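What follows is a short report on a single structure.
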Amino acid sequence: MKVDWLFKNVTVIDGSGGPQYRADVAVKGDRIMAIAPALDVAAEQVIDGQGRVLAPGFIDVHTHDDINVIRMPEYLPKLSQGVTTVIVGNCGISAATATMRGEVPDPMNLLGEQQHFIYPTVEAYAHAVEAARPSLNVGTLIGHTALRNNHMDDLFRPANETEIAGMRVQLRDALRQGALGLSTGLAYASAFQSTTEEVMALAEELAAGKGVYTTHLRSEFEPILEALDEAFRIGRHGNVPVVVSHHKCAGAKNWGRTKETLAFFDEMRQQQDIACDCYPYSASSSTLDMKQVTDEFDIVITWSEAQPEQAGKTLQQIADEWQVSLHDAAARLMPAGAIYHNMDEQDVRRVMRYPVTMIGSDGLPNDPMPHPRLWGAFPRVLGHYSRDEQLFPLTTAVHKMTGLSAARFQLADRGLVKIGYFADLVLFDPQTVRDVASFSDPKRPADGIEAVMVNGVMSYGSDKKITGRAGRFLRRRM
Ligand code: NI
Ligand code: NI
């Protein structure tokens with residue numbers, strides 16, 4: 001009878017995108033018990049949340065935390081932002097159902113070394129999450145490139161009918177055990193030689209609401225309308241939902257072309273169900289590539305094993321200090337990590353203002369000197385873009401990382417502050433919330449986040465310390 005938590009006088013932004021209101025919210029166990037203008041109830045712990053916003057736990061729909069949630073259960077980078085659930089297994093790479101008979105193909109090395117791929121079924125990955133006891137919930141997609149490596153000798157050829165038939169059966173068993181859908185990373189060499197027909201066969205397993213098709217497009221540059229026209233056809237072939245992962249118009253030539261892609265979205269969202277996600281930044285973070293070296297935008301060096309002295313400077317500054325060309329300056333700096341300012345700020349804002357666009361950090365945890373999105377992708381939307389820049393009301397901003405995300409991936413009883421739903425909550429100050437992570441100082445906790453609750457367990461406070469490990473493995477709504 002005595003509730004566990006009572007949030008008094010909080011501005012409730014329920015994550016539905018609807019109007020905000022002030023009320024009391026009571027939690028008993030892992031469920032939201034009561035919501036009323038006031039609650040004269042006895043509680044074990046009470047919090048006066050006046051002037052604060054009580055919102056659903058933030059859902060990071062685009063992560064690569066397949067292995068990291070297990071060896072770092074207290075996932076401070078996401079929890080300090082207010083993330084209570086991560087969707088892993090994006091871009092065709094996933095640790096679930098992955099089997100390694102030889103070497104690790106690209107880009108599955110982002111998840112971890114061979115030694116960590118020990119999850120041949122979704123059930124085996126689920127129990128490993130439960131054993132690790134993480135601080136946040138974990139749901140997984142199935143990586144197409146991982147399914148290829150389980151059934152093909154070489155990944156640089158079109159798959160035969162027998163190999164594709166085996167992938168459909170393994171994907172079917174994964175979806176029955178709680179997988180959220182299928183992810184593809186077609187731009188990578190391990191899946192570039194795949195026909196659209198092969199992806200169509202796998203996407204058919206997602207019919208009748210058995211998953212969502214998230215896609216790293218085959219090209220995010222000039223032929224992006226081609227790759228989008230693909231992506232929509234595979235969804236139209238099996239009548240399955242499509243989510244364009246980290247939608248961006250990379251390359252100086254494609255700057256401003258979001259007016260063309262989002263228009264292609266509008267025309268095709270009148271025939272099928274389409275969505276997308278993106279991180280609120282106009283700069284990339286990857287390895288220093290010779291084919292990516294250019295003068296059209298800044299290329300800041302994060303780390304450089306060859307020349308560790310030249311760090312934090314643009315490639316043009318390094319090339320001028322050495323009095324050598326750009327391609328030769330990079331050649332002597334490689335291998336290195338670089339920040340590619342290859343995106344236009346107006347393009348990011350258009351994608352963010354798009355109604356069916358979700359917020360995905362796409363953070364790289366194992367990456368030494370990581371992109372600041374790993375520590376402040378979600379507070380950046382709530383603070384800089386919603387409050388300061390006024391891109392959208394705070395209700396819409398919260399909706400793009402909660403209810404819209406939970407409904408898209410069919411997360412049962414999550415993403416909403418509602419009676420009977422799970423008690424994944426975050427209490428933040430709407431006037432001071434901001435991303436503190438910068439490109440020079442990325443691994444830094446955010447401000448304004450005052451409380452984070454996972455399944456009714458208070459897991460993170462304003463002292464920047466993790467106090468709970470009540471994360472669970474989430475299975476698709478059945
Ligand atoms: Ni990707
Ligand atoms: Ni990704």
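Here, A, B, ... name the chains of the structure tokens in the order displayed, residue numbers run from 1 inside each chain, and ligands are numbered from 1 in the same displayed order.
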Taking only C-alpha atoms and all ligand atoms into account, list the residues no farther than 12 Å from ligand 2, as a ChimeraX atom specification. /A:60-66,87-94,107-108,110-111,141,143,183-188,214-217,244-247,277-279,284-286,360-365
If you count only C-alpha atoms, which residues fall within 9 Å of residue A:198, apart from same-chain ones fewer than 2 positions away, as a PDB file with N, CA and C atoms, in the first residue's frame?
ATOM      1  N   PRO A 158      26.937 -12.128 -54.256  1.00  0.00           N
ATOM      2  CA  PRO A 158      25.493 -12.260 -54.028  1.00  0.00           C
ATOM      3  C   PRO A 158      25.178 -13.640 -53.472  1.00  0.00           C
ATOM      4  N   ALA A 159      24.306 -13.678 -52.471  1.00  0.00           N
ATOM      5  CA  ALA A 159      23.992 -14.932 -51.803  1.00  0.00           C
ATOM      6  C   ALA A 159      23.086 -15.794 -52.671  1.00  0.00           C
ATOM      7  N   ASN A 160      23.318 -17.104 -52.636  1.00  0.00           N
ATOM      8  CA  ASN A 160      22.461 -18.024 -53.364  1.00  0.00           C
ATOM      9  C   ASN A 160      21.156 -18.236 -52.599  1.00  0.00           C
ATOM     10  N   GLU A 161      20.249 -19.005 -53.202  1.00  0.00           N
ATOM     11  CA  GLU A 161      18.935 -19.238 -52.608  1.00  0.00           C
ATOM     12  C   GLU A 161      19.035 -20.051 -51.324  1.00  0.00           C
ATOM     13  N   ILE A 164      20.198 -17.764 -48.495  1.00  0.00           N
ATOM     14  CA  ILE A 164      19.157 -16.819 -48.103  1.00  0.00           C
ATOM     15  C   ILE A 164      18.042 -17.532 -47.348  1.00  0.00           C
ATOM     16  N   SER A 194      25.078  -7.457 -51.887  1.00  0.00           N
ATOM     17  CA  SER A 194      23.772  -8.068 -51.688  1.00  0.00           C
ATOM     18  C   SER A 194      22.754  -7.453 -52.637  1.00  0.00           C
ATOM     19  N   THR A 195      21.949  -8.307 -53.261  1.00  0.00           N
ATOM     20  CA  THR A 195      20.859  -7.817 -54.085  1.00  0.00           C
ATOM     21  C   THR A 195      19.723  -7.299 -53.206  1.00  0.00           C
ATOM     22  N   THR A 196      18.903  -6.422 -53.790  1.00  0.00           N
ATOM     23  CA  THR A 196      17.681  -5.999 -53.115  1.00  0.00           C
ATOM     24  C   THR A 196      16.776  -7.192 -52.833  1.00  0.00           C
ATOM     25  N   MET A 200      14.900  -8.319 -49.414  1.00  0.00           N
ATOM     26  CA  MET A 200      13.454  -8.517 -49.452  1.00  0.00           C
ATOM     27  C   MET A 200      13.053  -9.815 -48.763  1.00  0.00           C
ATOM     28  N   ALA A 201      13.821 -10.885 -48.979  1.00  0.00           N
ATOM     29  CA  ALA A 201      13.497 -12.165 -48.358  1.00  0.00           C
ATOM     30  C   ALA A 201      13.582 -12.080 -46.842  1.00  0.00           C
ATOM     31  N   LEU A 202      14.600 -11.389 -46.326  1.00  0.00           N
ATOM     32  CA  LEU A 202      14.744 -11.263 -44.880  1.00  0.00           C
ATOM     33  C   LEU A 202      13.698 -10.318 -44.300  1.00  0.00           C
ATOM     34  N   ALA A 203      13.374  -9.242 -45.020  1.00  0.00           N
ATOM     35  CA  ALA A 203      12.380  -8.295 -44.528  1.00  0.00           C
ATOM     36  C   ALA A 203      10.976  -8.885 -44.503  1.00  0.00           C
TER      37      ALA A 203
END
Could you find all residues in stretch 220-394 of chain A that DSSP calls strand (DSSP E or B) from the backbone, and write them as a ChimeraX atom specification? /A:242-244,274-278,284-287,299-304,314,336-340,357-359
Got a sec: who's within 9 Å of residue A:419, counting only C-alpha atoms, leaving out chain neighbours fewer than 2 positions off, as a ChimeraX atom specification? /A:31-35,417,421-422
Quick one: pick out all alpha helix (DSSP H) residues within stretch 397-455 of chain A from a backbone DSSP run and write them as a ChimeraX atom specification. /A:397-399,403-408
Just want the 7 Å neighbourhood of stretch 311-324 of chain A, counted on only C-alpha atoms, with same-chain residues fewer than 3 positions away dropped. Output as a VMD selection string. chain A and resid 298 to 303 308 328 to 329
Writing out the chosen residues with N, CA, C and O atoms as a PDB file, in the first residue's frame:
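Generated file (selection07.pdb):
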ATOM      1  N   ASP A 298      36.268  21.453 -42.385  1.00  0.00           N
ATOM      2  CA  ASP A 298      37.276  21.181 -41.370  1.00  0.00           C
ATOM      3  C   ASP A 298      37.369  19.687 -41.080  1.00  0.00           C
ATOM      4  O   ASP A 298      36.360  18.979 -41.038  1.00  0.00           O
ATOM      5  N   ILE A 299      38.597  19.212 -40.889  1.00  0.00           N
ATOM      6  CA  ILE A 299      38.865  17.826 -40.502  1.00  0.00           C
ATOM      7  C   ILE A 299      39.782  17.897 -39.283  1.00  0.00           C
ATOM      8  O   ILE A 299      41.009  17.979 -39.410  1.00  0.00           O
ATOM      9  N   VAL A 300      39.192  17.875 -38.093  1.00  0.00           N
ATOM     10  CA  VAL A 300      39.929  17.986 -36.839  1.00  0.00           C
ATOM     11  C   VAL A 300      40.427  16.608 -36.433  1.00  0.00           C
ATOM     12  O   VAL A 300      39.680  15.623 -36.476  1.00  0.00           O
ATOM     13  N   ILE A 301      41.691  16.536 -36.029  1.00  0.00           N
ATOM     14  CA  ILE A 301      42.302  15.283 -35.602  1.00  0.00           C
ATOM     15  C   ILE A 301      41.986  15.069 -34.126  1.00  0.00           C
ATOM     16  O   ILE A 301      42.242  15.944 -33.291  1.00  0.00           O
ATOM     17  N   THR A 302      41.405  13.911 -33.808  1.00  0.00           N
ATOM     18  CA  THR A 302      41.181  13.542 -32.415  1.00  0.00           C
ATOM     19  C   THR A 302      42.412  12.858 -31.838  1.00  0.00           C
ATOM     20  O   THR A 302      42.993  13.319 -30.849  1.00  0.00           O
ATOM     21  N   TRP A 303      42.823  11.753 -32.454  1.00  0.00           N
ATOM     22  CA  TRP A 303      44.014  11.022 -32.053  1.00  0.00           C
ATOM     23  C   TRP A 303      44.791  10.638 -33.302  1.00  0.00           C
ATOM     24  O   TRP A 303      44.237  10.551 -34.400  1.00  0.00           O
ATOM     25  N   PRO A 308      51.288  11.644 -32.461  1.00  0.00           N
ATOM     26  CA  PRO A 308      50.382  12.059 -31.376  1.00  0.00           C
ATOM     27  C   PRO A 308      50.502  13.525 -31.002  1.00  0.00           C
ATOM     28  O   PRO A 308      49.612  14.044 -30.316  1.00  0.00           O
ATOM     29  N   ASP A 328      49.097  14.292 -48.340  1.00  0.00           N
ATOM     30  CA  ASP A 328      50.364  13.850 -47.771  1.00  0.00           C
ATOM     31  C   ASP A 328      50.434  14.101 -46.271  1.00  0.00           C
ATOM     32  O   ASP A 328      51.056  13.317 -45.546  1.00  0.00           O
ATOM     33  N   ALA A 329      49.816  15.184 -45.788  1.00  0.00           N
ATOM     34  CA  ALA A 329      49.754  15.410 -44.348  1.00  0.00           C
ATOM     35  C   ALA A 329      48.986  14.294 -43.656  1.00  0.00           C
ATOM     36  O   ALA A 329      49.394  13.816 -42.591  1.00  0.00           O
TER      37      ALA A 329
END
